[PDB]
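Written out below as structure tokens is the structure these notes cover.
In what follows, every heavy atom counts, from backbone to side chain, and hydrogens, waters and symmetry copies are set aside. Counting starts at 1 for both ligands and their atoms, following the listed order. Chain letters run A, B, ... following the sequence lines, proteins first and then strands; every chain starts at 1.
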Amino acid sequence: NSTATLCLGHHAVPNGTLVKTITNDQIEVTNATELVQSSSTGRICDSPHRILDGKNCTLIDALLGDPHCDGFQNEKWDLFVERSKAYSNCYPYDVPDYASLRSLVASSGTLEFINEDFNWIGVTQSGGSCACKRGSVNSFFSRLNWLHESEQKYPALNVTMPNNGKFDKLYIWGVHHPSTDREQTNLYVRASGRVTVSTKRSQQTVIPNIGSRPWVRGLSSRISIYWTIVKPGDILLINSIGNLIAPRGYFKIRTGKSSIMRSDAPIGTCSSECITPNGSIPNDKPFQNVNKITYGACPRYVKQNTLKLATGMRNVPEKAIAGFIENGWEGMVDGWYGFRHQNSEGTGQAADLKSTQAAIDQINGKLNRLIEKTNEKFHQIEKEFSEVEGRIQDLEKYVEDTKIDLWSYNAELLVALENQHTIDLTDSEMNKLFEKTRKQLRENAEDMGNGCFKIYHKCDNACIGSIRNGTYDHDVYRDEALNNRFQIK
Amino acid sequence: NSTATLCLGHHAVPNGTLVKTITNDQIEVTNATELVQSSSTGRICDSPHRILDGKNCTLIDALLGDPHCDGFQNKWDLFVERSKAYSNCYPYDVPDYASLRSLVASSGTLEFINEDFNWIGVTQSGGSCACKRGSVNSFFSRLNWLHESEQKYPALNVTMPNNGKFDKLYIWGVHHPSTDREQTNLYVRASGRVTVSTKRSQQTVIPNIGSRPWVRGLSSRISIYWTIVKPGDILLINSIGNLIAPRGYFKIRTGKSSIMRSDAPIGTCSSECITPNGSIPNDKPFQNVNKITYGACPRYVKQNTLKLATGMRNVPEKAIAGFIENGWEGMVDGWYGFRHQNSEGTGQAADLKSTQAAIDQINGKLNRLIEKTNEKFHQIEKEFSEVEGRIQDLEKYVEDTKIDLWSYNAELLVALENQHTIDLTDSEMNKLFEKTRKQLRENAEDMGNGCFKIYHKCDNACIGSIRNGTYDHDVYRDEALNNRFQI
Amino acid sequence: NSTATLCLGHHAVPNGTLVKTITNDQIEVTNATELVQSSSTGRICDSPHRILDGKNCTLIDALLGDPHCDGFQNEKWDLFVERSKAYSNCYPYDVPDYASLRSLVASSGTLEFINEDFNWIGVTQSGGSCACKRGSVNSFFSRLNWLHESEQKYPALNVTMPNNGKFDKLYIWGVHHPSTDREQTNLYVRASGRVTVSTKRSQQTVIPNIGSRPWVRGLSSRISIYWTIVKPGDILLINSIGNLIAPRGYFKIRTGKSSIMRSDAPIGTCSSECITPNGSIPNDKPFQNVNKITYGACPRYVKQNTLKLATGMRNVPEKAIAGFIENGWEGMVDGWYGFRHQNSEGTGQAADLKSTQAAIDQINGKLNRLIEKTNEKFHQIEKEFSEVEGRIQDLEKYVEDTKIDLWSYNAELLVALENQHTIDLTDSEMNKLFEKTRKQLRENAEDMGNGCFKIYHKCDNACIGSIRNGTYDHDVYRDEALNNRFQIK
Ligand SMILES: *[C@@H]1O[C@H](CO)[C@@H](O[C@@H]2O[C@H](CO)[C@@H](O[C@@H]3O[C@H](CO)[C@@H](O)[C@H](O)[C@@H]3O)[C@H](O)[C@H]2NC(C)=O)[C@H](O)[C@H]1NC(C)=O
Ligand SMILES: *[C@@H]1O[C@H](CO)[C@@H](O[C@@H]2O[C@H](CO)[C@@H](O[C@@H]3O[C@H](CO)[C@@H](O)[C@H](O)[C@@H]3O)[C@H](O)[C@H]2NC(C)=O)[C@H](O)[C@H]1NC(C)=O
Ligand SMILES: *[C@@H]1O[C@H](CO)[C@@H](O[C@@H]2O[C@H](CO)[C@@H](O[C@@H]3O[C@H](CO)[C@@H](O)[C@H](O)[C@@H]3O)[C@H](O)[C@H]2NC(C)=O)[C@H](O)[C@H]1NC(C)=O
Ligand SMILES: *[C@@H]1O[C@H](CO)[C@@H](O)[C@H](O)[C@H]1NC(C)=O
Ligand SMILES: *[C@@H]1O[C@H](CO)[C@@H](O)[C@H](O)[C@H]1NC(C)=O
Ligand SMILES: *[C@@H]1O[C@H](CO)[C@@H](O)[C@H](O)[C@H]1NC(C)=O
Ligand SMILES: *[C@@H]1O[C@H](CO)[C@@H](O)[C@H](O)[C@H]1NC(C)=O
Ligand SMILES: *[C@@H]1O[C@H](CO)[C@@H](O)[C@H](O)[C@H]1NC(C)=O
Ligand SMILES: *[C@@H]1O[C@H](CO)[C@@H](O)[C@H](O)[C@H]1NC(C)=O
Ligand SMILES: *[C@@H]1O[C@H](CO)[C@@H](O)[C@H](O)[C@H]1NC(C)=O
Ligand SMILES: *[C@@H]1O[C@H](CO)[C@@H](O)[C@H](O)[C@H]1NC(C)=O
Ligand SMILES: *[C@@H]1O[C@H](CO)[C@@H](O)[C@H](O)[C@H]1NC(C)=O
Ligand SMILES: *[C@@H]1O[C@H](CO)[C@@H](O)[C@H](O)[C@H]1NC(C)=O
Ligand SMILES: *[C@@H]1O[C@H](CO)[C@@H](O)[C@H](O)[C@H]1NC(C)=O
Ligand SMILES: *[C@@H]1O[C@H](CO)[C@@H](O)[C@H](O)[C@H]1NC(C)=O
């Protein structure tokens with residue numbers, strides 16, 4: 001009757017979520033957000049990166065000039081997308097260190113080809129084959145020049161091509177491996193052919209190997225592909241007594257942010273900074289679980305499929321009025337912290353805006369820092385493999401597996417530390433509001449232990465409102481309160 | 001006389017341990033646990049992984065068919081190579097020996113299937129005195145040394161299609177004679193070629209004739225090569241001479257198998273983690289036994305010890321006194337408790353709830369430190385017996401980078417865990433003290449040393465009500481207010 | 001008049017600095033230190049590591065014996081410093097796997113060469129060339145032996161060199177590639193040549209390739225360099241039909257902490273444990289941003305150029321006397337925490353030494369724990385590249401980029417956690433001093449809410465000093481204080 005009760009409390013929800021800390025792996029909070037991107041639209045957005053769909057063409061086949069890949073001449077790309085349906089339909093070939101050539105062309109990001117006037121004296125040029133038709137006529141790789149004898153003669157070829165410019169040149173050349181000895185001599189006169197391509201700083205000599213190889217598109221012969229980069233001021237010198245597959249020029253080789261990716265995802269008209277073989281994914285989350293192969297500004301790949309970041313306080317279900325001691329207020333929806341009172345004029349409830357904003361601001365602060373930083377990668381290493389290789393592939397897999405486990409640990413520890421700090425900061429906001437009310441009341445109230453104060457004087461609605469507003473004057477009620485406290489009963 | 005003292009305190013031990021945080025590298029706690037496994041039984045447990053002891057045989061020698069390795073014909077989870085292993089057949093080398101050893105070890109089987117290669121016009125199964133099998137000239141069991149017949153060596157051209165649904169691993173070789181007389185007495189022609197190709201690959205090797213140092217009586221050598229044939233693909237072997245032919249193929253699989261160099265004996269026990277020093281337990285999150293591991297293992301760090309605090313901050317004990325700069329070495333039945341003095345004497349009782357609240361949080365931190373498994377199988381090599389250069393430099397650098405990053409994680413993790421353990425145990429002491437204050441209301445006063453001066457007659461049943469949490473302050477309020485605010 | 005005010009407070013400065021935590025990326029503190037070393041003297045200190053300046057000589061040219069590199073015979077080093085001005089001035093050559101040979105010689109850290117008496121029967125030794133002048137007369141690599149025909153004969157060379165010692169031997173040998181067929185026969189009689197160098201465990205056979213290569217210092221011919229290590233008990237056997245560039249002995253190969261570094265920084269007479277291509281840097285900070293290429297005891301390379309570690313409390317600008325509640329004391333310069341009072345004899349201010357030392361000791365403790373040594377590296381991988389290589393180079397760059405991003409994250413998280421703990425420990429020292437004063441005053445004072453106490457009795461200078469010293473006896477003033485508190489006004 002002659003007293004009033006003022007209780008301090010915090011909100012609670014009927015649909016909490018479980019998050020993790022260092023101590024507890026299952027603590028319930030009022031709200032949480034997902035830090036692992038796990039879904040993808042399924043399509044590769046054509047912005048902001050220049051996407052080049054290879055369709056039926058590998059990058060190497062477009063480089064060499066497979067007739068069905070003619071549409072890729074002089075193309076440029078930020079990301080070349082190789083399809084699993086791609087195929088070769090020209091002269092059967094292999095590339096020693098196929099992965100390295102594919103990688104350096106993918107990183108260069110252009111197929112800009114410049115024809116140079118190589119003068120091959122005494123030999124027939126542009127040899128054709130039935131296994132490489134262009135317009136239903138025998139043909140060959142567009143960027144290579146199959147040379148063979150003329151008038152039953154094959155004079156030693158010795159041709160120089162100096163780089164008098166200011167950019168590097170990429171030369172693609174080959175060596176022809178016949179099937180039989182009659183084939184070797186009908187094409188190159190001599191029974192053994194040498195091919196030597198050298199600069200001032202390097203030399204490469206290849207000896208053809210004659211022998212029956214399994215039929216591929218009707219042919220038992222093969223061609224081995226090689227490459228050579230000529231620096232400005234350096235000179236390209238090509239020397240051959242036979243089996244030379246000559247270049248028709250050079251490719252402009254650049255240094256850029258371009259790469260290549262194996263994917264069957266369709267190309268879509270959208271904008272997304274991050275691309276995976278599953279399609280583009282958003283980068284609003286710090287981590288992702290779609291694919292370890294990424295291109296562009298991406299979240300970091302982790303092994304966990306979900307990592308829940310607490311964005312509210314610990315959810316304590318609700319138990320006269322009572323305070324926050326082992327009791328949450330599911331009826332308080334307009335704020336995270338508030339006051340419940342009971343006086344002579346009834347009861348009421350009001351939220352505290354400052355302490356509510358103080359907790360939201362700290363959580364929005366962790367979010368802005370969790371969604372920050374730079375993981376924008378371009379050409380990296382390969383991470384899936386279709387053949388068994390051994391040592392080099394063992395090291396490539398180990399590096400990536402080591403990397404993923406280290407970032408999985410970082411993500412796991414980061415969320416647990418963030419959640420514990422979120423729990424502590426929200427618990428401190430409740431304590432700071434309780435202690436601020438204690439200091440206002442001075443000797444006019446007593447801590448009841450359950451988060452409520454027993455105010456030892458008649459405190460009407462204007463009096464309760466002054467405590468909530470922070471304008472409570474304890475000298476006004478001190479004499480009345482001291483009498484109610486220290487009275488004999 | 002008319003008052004009583006009630007003190008809050010925590011336990012203390014006479015044998016504390018020193019742990020580290022970020023501020024203090026040497027803070028004493030009541031108890032600690034070791035997070036780094038440093039010891040090993042010394043033996044490799046034969047469970048749960050299928051262990052294959054190589055004894056005197058390397059994996060490559062068992063693959064090719066060294067006569068003293070015949071017992072390895074046709075599986076393993078881990079092949080254990082001994083340092084006492086030796087070769088006792090035809091002297092040989094393997095270009096990219098490490099990769100072939102790796103892919104066979106990863107496949108985890110030596111299942112060999114004979115195929116009927118028909119070699120027309122040549123003599124098969126050539127033997128040598130440097131590869132005796134039963135005291136007779138012999139050769140690698142899985143290879144077929146071909147040479148001339150009737151002073152003729154017609155060009156070999158043999159196809160072997162893969163009409164099945166699994167991959168085939170073919171192991172073949174090329175023979176390098178010592179002199180020209182040897183080259184022609186065996187292969188007629190003065191030079192030779194071996195070409196093994198599929199639809200997607202080709203390998204051509206030219207023999208090299210020349211004197212090489214004597215090894216088991218022979219100056220000649222054999223270079224070993226391999227080729228994988230996919231289903232639908234075709235193996236084609238073309239040779240002018242010096243061909244060491246395969247007798248079939250090895251079934252190549254994709255599994256969790258690996259290989260390890262170790263001299264540790266095999267034991268009849270069960271252990272998920274194997275190191276070259278022997279199996280180690282995986283009850284701790286980190287280990288310092290060996291960076292080479294197989295199975296579900298703790299992560300390798302450089303530190304030999306990392307102590308995780310499992311008890312509160314140890315304060316030696318200095319009338320009764322509270323917890324302020326004072327621990328209670330006499331309290332053995334609990335971590336926190338009450339000491340009182342009234343008209344009926346003194347007493348001490350522990351608080352079970354706060355004691356369990358601190359133990360549960362420490363058991364909670366423990367659980368989470370033995371959860372996220374590190375189960376690796378075939379990896380990279382981490383020790384090397386020859387100088388190689390660029391590739392070996394990268395392999396060492398990768399492993400050294402990894403160990404330094406996990407060593408930092410382990411160092412930071414324990415320091416953060418210990419600081420939180422110190423803070424949570426300090427908060428349990430403060431919460432019990434604040435819980436007691438709220439019960440006493442205006443019937444007591446904080447003496448500053450963790451004790452309360454209770455300003456009323458509080459007998460044993462009254463002290464017990466404070467400890468149980470059923471203390472009624474209205475009963476003693478009038479008496480207490482008279483003792484507090486008296487002149 | 002009959003009362004006194006005692007305020008608890010902390011210091012503040014007019015020149016605060018901004019540090020980062022997990023919540024706030026911009027919190028102002030009174031003092032901070034830089035954890036990233038970003039500057040360098042620009043010179044390489046010649047202590048404590050033995051520095052060998054290569055000047056005009058690459059390590060490979062000093063190994064082979066380029067005449068202008070004669071001053072490097074039998075040299076030793078902890079770090080070989082290659083200058084960009086280096087050049088070759090002998091027979092034009094190439095090294096298959098040049099990077100691996102350069103690496104293993106650099107790691108061995110010595111060029112100690114021991115001449116061995118190879119007996120080459122029937123051939124002329126020490127062939128010279130105009131492209132390798134030594135003292136203005138035709139010469140050759142000092143450590144190699146160019147063999148050619150004698151009396152128009154080149155009998156098959158078959159020479160053994162057993163390792164009868166207890167250390168490994170490093171043999172450097174070569175193969176000569178002529179330009180024309182007449183050159184091949186004028187020097188080696190036969191039209192082709194084989195070179196086979198083998199031990200009991202390895203064999204290497206090289207076939208020369210005849211052909212025109214671009215002119216380098218007047219010559220179209222080349223020499224390919226190879227190496228072989230012979231273990232104790234093993235035997236070196238050299239078999240050659242022609243074109244052999246023979247060794248004159250072996251290099252002692254060691255296992256040490258030596259390495260090689262490309263740098264143009266000048267050598268200086270100073271002492272520094274850490275060396276970068278930019279020069280020596282101090283290792284007083286845990287992280288550095290000068291160069292990812294390091295040698296010796298170094299800070300760890302990160303991407304951030306600055307990381308400020310808070311070394312003081314949160315700086316709160318100063319707003320009767322008032323306490324620490326939303327108020328710092330810029331007038332307190334002799335301590336971090338202190339007392340401000342007002343009694344009948346005036347006002348005063350005094351610092352608290354114990355709480356000030358308790359906060360400084362914890363901060364000095366964190367500083368020391370950040371300089372514990374785990375990064376002393378020597379020979380590592382290469383991290384810059386002047387040519388395009390592909391797969392192996394991609395993996396080398398990816399490994400280093402993976403490493404830097406992981407340590408950059410560690411540094412970022414470490415400083416944010418350290419700063420938050422420093423803020424928490426400095427705030428706790430302020431609260432503990434306030435609660436310590438509360439316990440002394442008992443019922444003789446009341447918490448005013450702003451960090452000050454209202455002392456309800458006459459408390460002169462000797463009485464205030466007892467509270468500051470910790471020897472305040474509340475029983476002396478209890479009766480006087482109770483009458484002032486619970487009086488009717
Ligand atoms: C060395 O042996 C191989 C394998 O026995 C021989 O290759 C085979 O050559 C025949 C043609 O002479 C190929 O047959 C053709 O097959 C196609 C489609 O299968 C068919 O349309 C043609 O009418 C013809 O039958 C056969 O594919 C091919 N086998 C392989 C695996 O490529 C090779 O000719 C022999 N070489 C010498 C020099 O003896
Ligand atoms: C080229 O020179 C090498 C080096 O001398 C010759 O190899 C050597 O060949 C002899 C052949 O009689 C080997 O001798 C044998 O040594 C064993 C082992 O102790 C001994 O028990 C035998 O009774 C015999 O004396 C010698 O070991 C071997 N040395 C090496 C390093 O392999 C080779 O014969 C020469 N070839 C030509 C074409 O000149
Ligand atoms: C194959 O073609 C190359 C390219 O023409 C020939 O090499 C060239 O040979 C000439 C004459 O030996 C070199 O000329 C010399 O050039 C220097 C300038 O550095 C000049 O001062 C000399 O007086 C002389 O003119 C020319 O530099 C050289 N070119 C290159 C790129 O190396 C080679 O001779 C041909 N081989 C055959 C077998 O025909
Ligand atoms: C809980 O329910 C409310 C009401 O629809 C909803 O707005 C909120 O996002 C839910 N959140 C969770 C994580 O359950
Ligand atoms: C719940 O948390 C997420 C993460 O911050 C936030 O996006 C959302 O607005 C929050 N919801 C509530 C119910 O206010
Ligand atoms: C790709 O190949 C398919 C099937 O051969 C053909 O229908 C299609 O036109 C090709 N696409 C292009 C762009 O050439
Ligand atoms: C993403 O794609 C890869 C195969 O392209 C697959 O292994 C993975 O499970 C996919 N998952 C999601 C969520 O996209
Ligand atoms: C302290 O001694 C007890 C009793 O012998 C023992 O059980 C306990 O494990 C010891 N603890 C430490 C940290 O030494
Ligand atoms: C290799 O195994 C055989 C067969 O037991 C044995 O006699 C020989 O001495 C072994 N070598 C060892 C065990 O060092
Ligand atoms: C185990 O590993 C190697 C040899 O296996 C060597 O360092 C030592 O003998 C052992 N060290 C440890 C820590 O067990
Ligand atoms: C000390 O800690 C360990 C692990 O937390 C526990 O197994 C052990 O029994 C503890 N000892 C005591 C006396 O608490
Ligand atoms: C602030 O100014 C003083 C006065 O020169 C100086 O000693 C101190 O280092 C400065 N601190 C900061 C953080 O600027
Ligand atoms: C390096 O070569 C240049 C040019 O010939 C010469 O002037 C200089 O003195 C040389 N330096 C040394 C240290 O021999
Ligand atoms: C260190 O050297 C490299 C190469 O000159 C340069 O890119 C980098 O900016 C330099 N940084 C400093 C701080 O000297
Ligand atoms: C500022 O911090 C540094 C690092 O702790 C310390 O050396 C210096 O004494 C501090 N300066 C002041 C004015 O306290």
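Side chain of A/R190 to backbone of A/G242: no donor-acceptor contact under 3.5 angstrom is found. Under the 3.5 Å distance criterion, the side-chain polar atoms of B/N144 are left unmatched by any main-chain donor or acceptor of B/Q124.
Applying the 6.0 Å contact sphere to CG of B/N114 captures more than 12 heavy atoms from other residues, nucleotides or ligands.
Counting heavy atoms from C-beta outward, A/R83 and A/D264 have side chains that approach closer than 4.5 Å.
Residues that satisfy the salt bridge (charged side-chain N to carboxylate O under 4.0 Å, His left out) test with B/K353, not counting sequence neighbours, are absent from this structure.
Of all the heavy atoms of A/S38, the ones lying under 4.0 Å from any atom of ligand 7 belong exclusively to the backbone. If you look at A/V290 next to ligand 7, the close heavy atoms, those under 4.0 Å, come from the backbone and the side chain alike.
Each of the atoms 2 (O), 3 (C) of ligand 7 lies under 4.0 Å from some heavy atom of A/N291.
A side-chain donor from one of A/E400 and C/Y398 sits under 3.5 Å from a side-chain acceptor of the other. Of the N and O atoms on the side chains of B/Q202 and A/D94, at least one donor lies less than 3.5 Å from an acceptor on the other residue. Of the N and O atoms on the side chains of B/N31 and B/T310, at least one donor lies less than 3.5 Å from an acceptor on the other residue. Side-chain polar atoms of A/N243 and A/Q184 form a donor-acceptor pair below 3.5 angstrom.
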Check ligand 11 for N or O atoms under 3.5 Å from a protein N or O and list each pair with its distance.
unit_1    : atom_1 : unit_2 : atom_2 : d
ligand 11 : 2 (O)  : B/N31  : ND2    : 2.4
ligand 11 : 2 (O)  : B/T310 : OG1    : 3.3
ligand 11 : 11 (N) : B/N31  : ND2    : 3.2

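Residues in residues 265-295 of chain A take part in these disulfide (SG to SG under 2.5 Å) pairs, two or more places apart or across chains: A/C45-A/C270, A/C274-A/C298.
Closer than 4.0 angstrom to ligand 1 lie heavy atoms from A/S212, A/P214, A/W215, B/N157, B/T159, B/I234.
Relative ring orientation between B/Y225 and B/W172 is described as parallel, the plane-to-plane angle staying below 30° on a 0-90° scale split at 30° and 60°.
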